[PDB]
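K.L.:
This is the structure, below, for whatever I ask next.
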Amino acid sequence: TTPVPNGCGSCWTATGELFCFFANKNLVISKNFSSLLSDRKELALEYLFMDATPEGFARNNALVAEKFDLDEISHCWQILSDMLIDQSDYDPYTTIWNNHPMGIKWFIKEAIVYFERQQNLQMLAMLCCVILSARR
Amino acid sequence: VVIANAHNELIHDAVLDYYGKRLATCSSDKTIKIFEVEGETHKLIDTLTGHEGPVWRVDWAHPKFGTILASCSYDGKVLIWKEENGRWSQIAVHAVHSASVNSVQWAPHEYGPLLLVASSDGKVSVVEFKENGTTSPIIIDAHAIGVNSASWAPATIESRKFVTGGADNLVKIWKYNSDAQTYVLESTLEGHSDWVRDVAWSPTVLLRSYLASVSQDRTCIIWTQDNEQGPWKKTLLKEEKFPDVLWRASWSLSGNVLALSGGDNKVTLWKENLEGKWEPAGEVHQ
Amino acid sequence: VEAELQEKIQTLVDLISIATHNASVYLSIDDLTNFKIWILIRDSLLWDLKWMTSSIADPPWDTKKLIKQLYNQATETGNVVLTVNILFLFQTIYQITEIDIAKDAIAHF
Amino acid sequence: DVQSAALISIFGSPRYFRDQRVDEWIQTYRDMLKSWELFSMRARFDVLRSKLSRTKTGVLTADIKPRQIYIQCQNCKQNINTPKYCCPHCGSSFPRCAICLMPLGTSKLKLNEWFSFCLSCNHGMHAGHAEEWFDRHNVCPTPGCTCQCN
Amino acid sequence: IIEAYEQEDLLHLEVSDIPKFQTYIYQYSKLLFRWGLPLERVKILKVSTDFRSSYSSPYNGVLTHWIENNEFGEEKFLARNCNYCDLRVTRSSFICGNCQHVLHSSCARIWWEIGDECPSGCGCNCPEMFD
Ligand SMILES: [Zn+2]
Ligand SMILES: [Zn+2]
Ligand SMILES: [Zn+2]
Ligand SMILES: [Zn+2]
Ligand SMILES: [Zn+2]
Ligand SMILES: [Zn+2]
Ligand SMILES: [Zn+2]
C-alpha cells in the first residue's frame with residue numbers, strides 16, 4: 001500500500017529560511033520568512049543577562065529592541081528596568097515593594113500571558129532569565 | 001540558494017541539517033546528494049548511492065551524535081550514512097520490514113540516538129544506534145493497512161511520544177510504557193476520509209501542543225491539546241478544500257507557522273491569529 | 001479636531017514634567033520605592049505620548065492598566081500621598097475608579 | 001658561573017658518568033630559571049637534558065618525575081586509555097563537553113583536541129571551549145557545580 | 001523591616017510566580033544551540049539550574065584519580081605539581097595518557113605553542129600520545 005510519490009515539500013531552518021524543492025528536472029529554492037517568526041537570532045547575539053546589574057540587563061535589552069524596531073519588547077524591557085532600579089544604600093521599603101504581589105511579579109505574570117498569546121518563546125525565556133538573574 | 005536539476009528524475013525530500021549548513025536531497029534515482037549551502041553557494045559534495053529503490057525520506061542526526069544521516073527507500077532497507085574525515089560512508093543496515101519503509105525521523109537528542117522507522121505494511125519500528133552492540137528494534141503494529149508518516153514529540157524538559165499517521169483514515173498517538181517496555185496506544189484521532197499523508201508535531205509547546213495531519217481528501221486538521229493528558233481539539237485549516245492532494249506538513253522551528261505542500265507544486269504558509277483563525281501568511285510556488 | 005489632539009499632547013508633555021519633578025523630589029529625600037513608581041509613570045506617559053505623536057487583554061505596560069495597578073498597590077500598602085497624587089493627575093484622562101471613590105479619597109486627604 | 005657549567009655538563013654526564021657536582025649544577029640552574037620565572041627555558045633545558053641523556057642503545061638515563069594522575073570512569077574503575085567515545089573496559093559512555101556536546105575521544109597540538117579536566121569538580125570541556133567560556137565567566141558550566149576552575 | 005533586612009535577595013521568587021521557567025528556558029536553549037551561540041544556552045541553563053537548586057548525567061563518570069605512590073619525603077608534595085611551573089595544580093588541568101603528568105591549562109596553552117615533548121622530559125610526544 002505504497003502511496004503516490006510526492007514531488008514538492010519544505011524544510012524550515014533556524015533563521016526562518018524556507019527551503020522548498022519542486023518537480024516539473026528538479027528545482028530547490030530558498031525563501032526568507034523571518035518576518036513571520038517572532039524569535040530572532042539578531043537579538044540573541046546582543047542580549048545580555050548576566051554580566052551587568054539587574055537594571056543593566058533590562059536597559060541593554062531595551063536598547064537592543066529599540067535599535068531593531070521592536071516597540072512593545074523595548075517598552076517591556078524599559079518598564080522592567082524601572083522596576084529593577086537599585087542603589088548603593090539599602091532601604092527596606094524597596095525590598096518590601098519588590099516582594100509585593102502587585103508589583104514586578106504581576107508584571108512578569110501578565111507579560112508571560114501576553115507573550116504566550118503572541119507565541120514569543122525568546123521573550124518568554126528572556127523574561128524568565130532576567131527575573132531569575134535579578135534575584136541574586 | 002537556487003539549485004537546478006539536482007537529480008535527473010523526480011525529487012522526494014530535501015532536509016537541511018541541524019545548523020542549516022548542509023542539505024540532504026534524496027530522489028527516485030536511488031541517489032542522495034549532500035550540498036554545502038553556506039551563504040548562497042550550493043556546491044555539491046557527494047553522490048551517495050546505496051539504495052536499490054527510490055529513496056523517500058532522509059533525516060540528519062543531532063551533532064551530539066556526529067554527522068549521521070539516515071535514509072529510507074522503497075526496498076525496505078534503512079541505510080545510515082556517517083561522514084568521517086570528509087569520507088561519507090554507510091555504517092549500519094536496518095532491513096526489518098517486509099514492505100517499503102515510508103517515514104524515517106530521528107528522536108530528540110535527549111532520548112538517545114533513536115530512529116523512528118515507519119513502513120507501508122502498517123508496522124513501525126524504533127531502533128537505537130549505539131556503538132557496535134546494536135539493539136533489537138521494538139516493533140508494534142501501528143495501523144492495519146499502512147503507515148505513511150511518523151514524527152516525534154519534542155522533549156520540553158531535560159514520557160516519550162510520537163505521532164503515527166496511517167493509511168486507514170486515522171492518526172494515532174503512542175506513549176512509552178516502562179512496564180511493558182514498548183509503546184502503548186495513548187489516543188486515537190479520526191478526522192480524515194483518506195490516507196493520512198504527513199503528521200507533524202510542533203517543536204515548541206507554549207500553552208498548547210500542536211499537530212498538523214494532512215491526507216488525500218484535500219484537507220488539513222490542526223489537533224491541539226491544552227493539558228499534558230487531555231482531549232484533542234479538532235479544527236480545520238480552511239473552510240474550503242485544497243486544490244490537490246496534500247503531501248507534507250512542516251512546522252516552523254519557533255513560532256507555530258505551518259508549511260503545507262499540496263499536489264499543485266505550491267507551498268502554502270499558515271500563521272494563527274490571536275483569536276485562533278488560521279490566516280494564510282505566504283505562498284511559495286516553483 | 002486637531003485642537004483636541006494638540007491639547008492632549010500638551011497635557012501629556014507637562015504631565016511628564018510633573019512626573020519628573022515628583023521623581024526628583026522623592027530622590028531628594030532618598031526613598032527609592034516611590035521614585036521607581038514615578039519613573040514608571042513617566043515612562044508610561046512617554047509611551048502614550050510617542051503613540052499619540054506617531055498616530056485578548058491589554059499588555060501590563062499599557063498606560064491605564066499600569067497606572068491603575070500602581071494605584072491599587074499604593075492604596076493596599078497605605079501610601080496616601082501617592083494614590084492621591086495619581087487621583088489628581090490621572091483621573092480624567094485615565095478612568096481609574098468611580099468618581100465617588102476618587103472624590104472620597106481627596107476629601108479624606 | 002653555574003649556567004655554563006650546567007649547559008656544558010649536560011652533554012656528557014648522565015650519558016656516561018654519574019657525579020654529584022653535575023646534579024648540583026643542574027638543580028641550581030633549574031632553581032635559578034624558576035626564580036627568574038623563566039619556566040619556558042627550564043622546560044627547554046629539561047627536554048635538552050632528556051635528549052642528551054640518550055645512550056647509543058637509546059635508553060634514557062635521566063631522572064624523570066614519577067607518574068602522577070590517571071583517569072577513571074567509576075563504572076568499571078579502570079583507566080580509560082592504555083599507555084572510540086566509550087570506555088574500553090566496560091563500554092560506558094564518556095562525559096560530553098558542556099558547550100558543543102561532543103564526547104571524549106580515546107585511541108602541533110591544536111587547542112580543540114584535549115579536555116581540560118578540573119581536579120575538583122571532575123567536569124571536562126575542550127580547551128578551546130574552556131578558554132572561550134572561562135574568559136567571560138568564572139563558574140563551572142555544568143548544571144549544578146559551583147567551582148571556579150579559572 | 002526586619003524581614004527585609006533578613007533577605008539577601010532582591011526578590012523572593014517562587015515556583016508559583018514563574019510556573020514554566022524550566023520548559024521555556026530549555027526550549028530557548030535548544031533554539032540557541034541551533035544558532036551559532038553555544039555559550040548562551042549554557043548560561044541560561046546555568047541560571048535555570050541555579051534557581052532549581054535554590055528552591056530545592058551527561059557530565060559524570062570520569063573522576064581524576066591521583067596515583068597513590070608510597071613515598072616518604074618531598075616527592076609526596078611533588079606528585080601534585082605542574083610540570084611547567086612546579087606549582088600545585090587543583091583546577092583546570094591537562095592530562096596525557098601515555099605519560100601520567102599534569103599541566104595547568106595556562107601552562108599547557110603556553111607550552112604547546114613552543115614545545116613538542118613533555119616539559120618534565122620523559123620523552124613522551126604528548127600532542128600525539130595523550131589519548
Ligand atoms: Zn569502564
Ligand atoms: Zn567541546
Ligand atoms: Zn564542575
Ligand atoms: Zn572545577
Ligand atoms: Zn603550571
Ligand atoms: Zn610526561
Ligand atoms: Zn605524555
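Letters A, B, ... go to the chains of the C-alpha cells in the order shown; residues in each chain start at 1; ligands are counted from 1 in the same order.
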Show me which residues sit within 8 Å of ligand 1 when counting only C-alpha atoms and all ligand atoms, and put them as a PyMOL selection string.

P.N.:
chain D and resi 72-80+87-92

K.L.:
Would you save the residues of that selection, restricted to C-alpha atoms, as a PDB file, in the first residue's frame?

P.N.:
ATOM      1  CA  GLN D  72      38.922   6.558  35.894  1.00  0.00           C
ATOM      2  CA  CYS D  73      35.324   6.014  34.770  1.00  0.00           C
ATOM      3  CA  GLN D  74      33.530   4.881  38.006  1.00  0.00           C
ATOM      4  CA  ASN D  75      31.671   2.134  36.081  1.00  0.00           C
ATOM      5  CA  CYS D  76      34.490  -0.411  35.976  1.00  0.00           C
ATOM      6  CA  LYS D  77      37.006   1.715  37.979  1.00  0.00           C
ATOM      7  CA  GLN D  78      39.813   1.311  35.441  1.00  0.00           C
ATOM      8  CA  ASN D  79      41.944   3.510  33.220  1.00  0.00           C
ATOM      9  CA  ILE D  80      40.182   4.721  30.077  1.00  0.00           C
ATOM     10  CA  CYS D  87      35.234   3.116  27.926  1.00  0.00           C
ATOM     11  CA  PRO D  88      37.479   0.318  26.569  1.00  0.00           C
ATOM     12  CA  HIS D  89      36.742  -1.992  29.529  1.00  0.00           C
ATOM     13  CA  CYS D  90      33.014  -1.598  30.271  1.00  0.00           C
ATOM     14  CA  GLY D  91      31.580   0.313  27.294  1.00  0.00           C
ATOM     15  CA  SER D  92      30.028   3.064  29.416  1.00  0.00           C
TER      16      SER D  92
END

K.L.:
Residues within 8 Å of ligand 6 (only C-alpha atoms and all ligand atoms), as an MDAnalysis selection string?

P.N.:
(chainID D and resid 65) or (chainID E and resid 96 98:101 117:124 126)

K.L.:
Just the selected residues (N, CA and C atoms), exported as a PDB file, in the first residue's frame, please.

P.N.:
ATOM      1  N   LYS D  65      60.181  12.608  36.478  1.00  0.00           N
ATOM      2  CA  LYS D  65      59.171  12.639  37.524  1.00  0.00           C
ATOM      3  C   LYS D  65      58.290  11.393  37.432  1.00  0.00           C
TER       4      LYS D  65
ATOM      5  N   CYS E  96      47.907  13.854  30.050  1.00  0.00           N
ATOM      6  CA  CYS E  96      48.305  12.960  28.976  1.00  0.00           C
ATOM      7  C   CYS E  96      48.040  11.509  29.364  1.00  0.00           C
ATOM      8  N   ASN E  98      49.762   8.585  27.669  1.00  0.00           N
ATOM      9  CA  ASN E  98      50.975   7.775  27.610  1.00  0.00           C
ATOM     10  C   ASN E  98      51.865   8.029  28.821  1.00  0.00           C
ATOM     11  N   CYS E  99      52.144   9.295  29.111  1.00  0.00           N
ATOM     12  CA  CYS E  99      52.788   9.690  30.354  1.00  0.00           C
ATOM     13  C   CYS E  99      51.749  10.317  31.273  1.00  0.00           C
ATOM     14  N   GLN E 100      51.827   9.986  32.555  1.00  0.00           N
ATOM     15  CA  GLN E 100      50.804  10.397  33.512  1.00  0.00           C
ATOM     16  C   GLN E 100      51.271  11.640  34.270  1.00  0.00           C
ATOM     17  N   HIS E 101      51.276  12.762  33.547  1.00  0.00           N
ATOM     18  CA  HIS E 101      51.789  14.028  34.050  1.00  0.00           C
ATOM     19  C   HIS E 101      50.749  15.127  33.882  1.00  0.00           C
ATOM     20  N   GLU E 117      57.614  17.997  23.325  1.00  0.00           N
ATOM     21  CA  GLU E 117      57.625  16.870  24.247  1.00  0.00           C
ATOM     22  C   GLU E 117      57.091  17.319  25.602  1.00  0.00           C
ATOM     23  N   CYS E 118      57.012  16.369  26.529  1.00  0.00           N
ATOM     24  CA  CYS E 118      56.557  16.675  27.877  1.00  0.00           C
ATOM     25  C   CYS E 118      57.572  17.579  28.575  1.00  0.00           C
ATOM     26  N   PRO E 119      57.114  18.625  29.275  1.00  0.00           N
ATOM     27  CA  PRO E 119      58.061  19.536  29.942  1.00  0.00           C
ATOM     28  C   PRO E 119      58.834  18.903  31.086  1.00  0.00           C
ATOM     29  N   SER E 120      58.392  17.758  31.608  1.00  0.00           N
ATOM     30  CA  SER E 120      59.178  17.028  32.592  1.00  0.00           C
ATOM     31  C   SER E 120      60.313  16.233  31.961  1.00  0.00           C
ATOM     32  N   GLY E 121      60.384  16.192  30.635  1.00  0.00           N
ATOM     33  CA  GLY E 121      61.449  15.499  29.935  1.00  0.00           C
ATOM     34  C   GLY E 121      61.420  13.992  30.058  1.00  0.00           C
ATOM     35  N   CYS E 122      60.239  13.387  29.976  1.00  0.00           N
ATOM     36  CA  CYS E 122      60.121  11.937  29.963  1.00  0.00           C
ATOM     37  C   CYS E 122      60.198  11.350  28.560  1.00  0.00           C
ATOM     38  N   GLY E 123      60.267  12.188  27.527  1.00  0.00           N
ATOM     39  CA  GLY E 123      60.361  11.688  26.170  1.00  0.00           C
ATOM     40  C   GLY E 123      59.046  11.327  25.523  1.00  0.00           C
ATOM     41  N   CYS E 124      57.927  11.792  26.069  1.00  0.00           N
ATOM     42  CA  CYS E 124      56.602  11.471  25.555  1.00  0.00           C
ATOM     43  C   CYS E 124      56.107  12.607  24.667  1.00  0.00           C
ATOM     44  N   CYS E 126      53.475  14.248  23.768  1.00  0.00           N
ATOM     45  CA  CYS E 126      52.109  14.442  24.247  1.00  0.00           C
ATOM     46  C   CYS E 126      51.097  14.982  23.229  1.00  0.00           C
TER      47      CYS E 126
END

K.L.:
Mind dumping a table of every chain B residue within 12 Å of chain E, with the nearest atom pair and its distance in Å to one decimal, using only C-alpha atoms, sorted by chain and rising number, as a Markdown table?

P.N.:
| residue | atom | partner | partner_atom | distance |
| --- | --- | --- | --- | --- |
| B:16 | CA | E:34 | CA | 11.9 |
| B:17 | CA | E:34 | CA | 9.8 |
| B:18 | CA | E:34 | CA | 6.3 |
| B:19 | CA | E:34 | CA | 5.7 |
| B:20 | CA | E:34 | CA | 8.4 |
| B:21 | CA | E:35 | CA | 10.8 |
| B:62 | CA | E:34 | CA | 10.2 |
| B:63 | CA | E:34 | CA | 10.1 |
| B:64 | CA | E:33 | CA | 11.0 |
| B:108 | CA | E:30 | CA | 10.7 |
| B:109 | CA | E:30 | CA | 10.3 |
| B:110 | CA | E:58 | CA | 10.1 |
| B:112 | CA | E:58 | CA | 11.2 |
| B:154 | CA | E:27 | CA | 9.2 |
| B:155 | CA | E:27 | CA | 8.6 |
| B:156 | CA | E:23 | CA | 5.2 |
| B:157 | CA | E:23 | CA | 5.5 |
| B:158 | CA | E:26 | CA | 7.6 |
| B:203 | CA | E:27 | CA | 8.7 |
| B:204 | CA | E:27 | CA | 7.2 |
| B:205 | CA | E:23 | CA | 8.5 |
| B:206 | CA | E:24 | CA | 8.1 |
| B:207 | CA | E:20 | CA | 10.0 |
| B:252 | CA | E:31 | CA | 11.7 |
| B:253 | CA | E:31 | CA | 8.0 |
| B:254 | CA | E:31 | CA | 7.8 |
| B:255 | CA | E:31 | CA | 11.4 |

K.L.:
Could you please take those selected residues and save N, CA, C and O atoms as a short mmCIF file (atom, residue, chain, number, x, y, z; two decimals), in the first residue's frame?

P.N.:
data_model
loop_
_atom_site.label_atom_id
_atom_site.label_comp_id
_atom_site.auth_asym_id
_atom_site.auth_seq_id
_atom_site.Cartn_x
_atom_site.Cartn_y
_atom_site.Cartn_z
N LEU B 16 17.36 20.05 5.45
CA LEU B 16 18.51 20.76 5.97
C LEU B 16 19.01 20.08 7.24
O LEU B 16 18.27 19.39 7.94
N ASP B 17 20.29 20.30 7.55
CA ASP B 17 20.88 19.73 8.75
C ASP B 17 20.52 20.58 9.97
O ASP B 17 19.67 21.47 9.91
N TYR B 18 21.16 20.28 11.10
CA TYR B 18 20.85 20.98 12.34
C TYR B 18 21.27 22.44 12.30
O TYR B 18 20.56 23.32 12.79
N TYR B 19 22.43 22.72 11.70
CA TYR B 19 22.96 24.07 11.67
C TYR B 19 22.53 24.86 10.44
O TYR B 19 22.91 26.02 10.30
N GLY B 20 21.74 24.25 9.56
CA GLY B 20 21.36 24.91 8.32
C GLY B 20 22.50 25.08 7.35
O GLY B 20 22.47 25.99 6.51
N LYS B 21 23.52 24.23 7.43
CA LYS B 21 24.72 24.35 6.61
C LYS B 21 24.87 23.24 5.58
O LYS B 21 25.63 23.42 4.62
N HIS B 62 21.47 14.45 15.31
CA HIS B 62 21.99 15.56 16.08
C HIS B 62 23.52 15.60 15.98
O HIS B 62 24.16 14.55 15.87
N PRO B 63 24.12 16.79 16.01
CA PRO B 63 25.59 16.87 16.12
C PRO B 63 26.14 16.33 17.43
O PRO B 63 27.35 16.12 17.53
N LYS B 64 25.28 16.14 18.44
CA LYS B 64 25.63 15.37 19.63
C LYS B 64 26.14 13.98 19.28
O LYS B 64 27.07 13.47 19.91
N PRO B 108 14.34 13.14 19.37
CA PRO B 108 15.05 14.23 20.06
C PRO B 108 16.26 13.71 20.82
O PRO B 108 16.26 12.59 21.34
N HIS B 109 17.30 14.54 20.87
CA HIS B 109 18.61 14.10 21.33
C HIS B 109 18.66 13.77 22.82
O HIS B 109 19.65 13.20 23.28
N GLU B 110 17.62 14.12 23.58
CA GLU B 110 17.54 13.71 24.98
C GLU B 110 17.25 12.23 25.12
O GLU B 110 17.58 11.64 26.15
N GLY B 112 18.45 9.79 23.26
CA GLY B 112 19.50 8.97 22.69
C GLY B 112 19.35 8.86 21.19
O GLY B 112 18.40 9.38 20.60
N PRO B 154 8.55 16.81 20.90
CA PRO B 154 9.77 17.38 21.47
C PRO B 154 9.85 17.19 22.97
O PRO B 154 8.84 17.14 23.68
N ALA B 155 11.08 17.07 23.47
CA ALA B 155 11.36 16.95 24.90
C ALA B 155 11.52 18.35 25.47
O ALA B 155 12.60 18.93 25.44
N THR B 156 10.42 18.90 25.98
CA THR B 156 10.44 20.26 26.52
C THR B 156 11.24 20.36 27.81
O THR B 156 11.75 21.44 28.13
N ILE B 157 11.37 19.26 28.55
CA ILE B 157 12.19 19.23 29.75
C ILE B 157 13.39 18.31 29.50
O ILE B 157 13.50 17.66 28.47
N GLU B 158 14.29 18.27 30.48
CA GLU B 158 15.53 17.51 30.36
C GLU B 158 15.27 16.01 30.41
O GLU B 158 16.20 15.21 30.36
N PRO B 203 7.47 21.78 17.31
CA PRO B 203 8.65 21.70 18.18
C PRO B 203 8.57 22.59 19.40
O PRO B 203 9.33 22.37 20.35
N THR B 204 7.68 23.58 19.42
CA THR B 204 7.53 24.49 20.54
C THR B 204 6.16 24.29 21.17
O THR B 204 5.16 24.20 20.46
N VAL B 205 6.13 24.22 22.50
CA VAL B 205 4.91 23.99 23.26
C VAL B 205 4.72 25.20 24.18
O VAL B 205 5.30 25.25 25.27
N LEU B 206 3.94 26.17 23.73
CA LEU B 206 3.53 27.30 24.57
C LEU B 206 2.01 27.22 24.70
O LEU B 206 1.29 27.52 23.74
N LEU B 207 1.55 26.73 25.86
CA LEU B 207 0.15 26.64 26.28
C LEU B 207 -0.64 25.58 25.51
O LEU B 207 -1.78 25.27 25.88
N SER B 252 7.27 25.36 11.58
CA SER B 252 8.41 26.23 11.80
C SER B 252 9.10 25.86 13.11
O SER B 252 8.50 25.28 14.02
N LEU B 253 10.38 26.22 13.21
CA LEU B 253 11.20 25.79 14.34
C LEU B 253 10.88 26.58 15.60
O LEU B 253 11.09 26.08 16.71
N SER B 254 10.38 27.81 15.46
CA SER B 254 9.91 28.59 16.59
C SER B 254 8.82 29.52 16.08
O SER B 254 9.02 30.22 15.09
N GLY B 255 7.68 29.51 16.76
CA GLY B 255 6.52 30.21 16.25
C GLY B 255 5.73 29.28 15.35
O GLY B 255 6.26 28.77 14.36
#

K.L.:
For chain B against chain A, with a cut-off of 8 Å and counting only C-alpha atoms, what is the closest atom pair and its distance in Å to one decimal for every residue that makes the cut, ordered by chain and number, as a Markdown table?

P.N.:
| residue | atom | partner | partner_atom | distance |
| --- | --- | --- | --- | --- |
| B:1 | CA | A:30 | CA | 5.4 |
| B:2 | CA | A:29 | CA | 4.6 |
| B:3 | CA | A:28 | CA | 4.8 |
| B:4 | CA | A:27 | CA | 4.7 |
| B:5 | CA | A:26 | CA | 4.7 |
| B:6 | CA | A:26 | CA | 6.1 |
| B:7 | CA | A:26 | CA | 6.3 |
| B:8 | CA | A:25 | CA | 6.1 |
| B:9 | CA | A:25 | CA | 6.4 |
| B:10 | CA | A:23 | CA | 6.2 |
| B:11 | CA | A:7 | CA | 5.7 |
| B:12 | CA | A:7 | CA | 5.7 |
| B:13 | CA | A:9 | CA | 6.8 |
| B:14 | CA | A:21 | CA | 6.7 |
| B:15 | CA | A:11 | CA | 5.7 |
| B:16 | CA | A:11 | CA | 6.5 |
| B:19 | CA | A:14 | CA | 7.6 |
| B:20 | CA | A:13 | CA | 5.9 |
| B:100 | CA | A:2 | CA | 6.9 |
| B:102 | CA | A:2 | CA | 7.9 |
| B:120 | CA | A:2 | CA | 5.8 |
| B:121 | CA | A:1 | CA | 7.0 |
| B:145 | CA | A:1 | CA | 7.1 |
| B:146 | CA | A:1 | CA | 6.2 |
| B:148 | CA | A:3 | CA | 7.4 |
| B:206 | CA | A:116 | CA | 6.1 |
| B:207 | CA | A:116 | CA | 7.0 |
| B:247 | CA | A:6 | CA | 6.2 |
| B:248 | CA | A:9 | CA | 6.0 |
| B:249 | CA | A:10 | CA | 7.9 |
| B:250 | CA | A:11 | CA | 6.5 |
| B:251 | CA | A:12 | CA | 7.4 |
| B:252 | CA | A:12 | CA | 5.8 |
| B:253 | CA | A:14 | CA | 6.3 |
| B:254 | CA | A:39 | CA | 6.7 |
| B:255 | CA | A:37 | CA | 5.6 |
| B:256 | CA | A:119 | CA | 7.4 |
| B:257 | CA | A:36 | CA | 7.6 |
| B:259 | CA | A:10 | CA | 6.7 |
| B:260 | CA | A:9 | CA | 7.6 |
| B:261 | CA | A:9 | CA | 5.3 |
| B:262 | CA | A:8 | CA | 7.7 |
| B:263 | CA | A:6 | CA | 7.6 |
| B:265 | CA | A:8 | CA | 5.7 |
| B:266 | CA | A:8 | CA | 7.6 |
| B:267 | CA | A:9 | CA | 7.1 |
| B:271 | CA | A:36 | CA | 7.8 |
| B:274 | CA | A:117 | CA | 6.6 |
| B:281 | CA | A:36 | CA | 7.6 |
| B:284 | CA | A:31 | CA | 7.8 |
| B:286 | CA | A:22 | CA | 6.1 |

K.L.:
Would you mind reading off the distance between atom CA of residue E:85 and atom 1 (Zn, counted along the ligand's line) of ligand 5, one decimal, in Å?

P.N.:
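Atom 1 (Zn, counted along the ligand's line) of ligand 5 lies at a distance of 4.3 Å from atom CA of residue E:85.
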
K.L.:
Grab me every residue within 6 Å of ligand 5, counting only C-alpha atoms and all ligand atoms, and send it over as a ChimeraX atom specification.

P.N.:
/E:82,84-85,87,103-104,107

K.L.:
Show which residues sit within 10 Å of stretch 40-49 of chain C, as a PyMOL selection string. Count only C-alpha atoms, and ignore same-chain residues fewer than 3 positions away.

P.N.:
(chain A and resi 71-72+75+78-83) or (chain C and resi 8-13+15-20+22-23+34-37+52-55+61-64+66-67+70+86)

K.L.:
Name the residues of stretch 17-113 of chain D that come out as strand (DSSP E or B) in a backbone DSSP run; write them as number ranges by chain.

P.N.:
D: 54, 60, 69-71, 86, 93

K.L.:
Between atom CA of residue B:45 and atom CA of residue B:118, what distance in Å does the model show, to one decimal?

P.N.:
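Pair atom CA of residue B:45 / atom CA of residue B:118 returns 28.6 Å.
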
K.L.:
Show me, as a ChimeraX atom specification, every residue of chain D with an atom at most 9 Å from chain B, counting only C-alpha atoms.

P.N.:
/D:84-86,91,96,100-103

K.L.:
When you get a sec, could you note down which chain A residues fall within 7 Å of chain E, using only C-alpha atoms, as a ChimeraX atom specification?

P.N.:
/A:14,92,95-96,98-99,105,121-122,124-125,128-129,133-136

K.L.:
Any residue with an atom at most 9 Å from ligand 4 counts, using only C-alpha atoms and all ligand atoms. Which are they? Put them as a list in words.

P.N.:
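Counting only C-alpha atoms and all ligand atoms, the residues within 9 Å of ligand 4 come out as residues 117, 118, 119, 120, 121, 122, 123, 124, 139, 140, 145, 146, 147, 148, 149 and 150 of chain D; 90, 91 and 92 of chain E.
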
K.L.:
Within 12 Å of chain C, which residues belong to chain B? Use only C-alpha atoms and report them as a PyMOL selection string.

P.N.:
chain B and resi 273-276

K.L.:
So that I have them on file, write out the residues from the current selection with N, CA, C and O atoms, as an mmCIF file, in the first residue's frame.

P.N.:
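The resulting out.cif:
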data_model
loop_
_atom_site.group_PDB
_atom_site.id
_atom_site.type_symbol
_atom_site.label_atom_id
_atom_site.label_comp_id
_atom_site.auth_asym_id
_atom_site.auth_seq_id
_atom_site.Cartn_x
_atom_site.Cartn_y
_atom_site.Cartn_z
ATOM 1 N N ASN B 273 -3.923 33.583 14.149
ATOM 2 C CA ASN B 273 -4.187 34.901 14.695
ATOM 3 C C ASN B 273 -4.252 34.835 16.219
ATOM 4 O O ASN B 273 -4.022 33.791 16.835
ATOM 5 N N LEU B 274 -4.569 35.974 16.840
ATOM 6 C CA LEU B 274 -4.782 35.992 18.282
ATOM 7 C C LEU B 274 -6.073 35.283 18.673
ATOM 8 O O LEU B 274 -6.144 34.679 19.749
ATOM 9 N N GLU B 275 -7.100 35.347 17.821
ATOM 10 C CA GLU B 275 -8.352 34.662 18.127
ATOM 11 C C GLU B 275 -8.226 33.157 17.934
ATOM 12 O O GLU B 275 -8.741 32.376 18.743
ATOM 13 N N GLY B 276 -7.551 32.729 16.870
ATOM 14 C CA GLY B 276 -7.445 31.318 16.564
ATOM 15 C C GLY B 276 -7.908 30.965 15.165
ATOM 16 O O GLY B 276 -8.246 29.809 14.892
#

K.L.:
Considering only C-alpha atoms, state which residue in the set A:110, A:51, A:91, A:86 is at the smallest distance from chain D.

P.N.:
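Looking only at the distances to chain D, the closest residue turns out to be A:51.
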
K.L.:
Which one of E:72, E:55, E:77, E:111 sits closest to chain D if you count only C-alpha atoms?

P.N.:
E:111

K.L.:
Residues of stretch 40-111 of chain D classed as helix (DSSP H, G or I) by DSSP on the backbone are to be reported as a PyMOL selection string.

P.N.:
chain D and resi 40-52
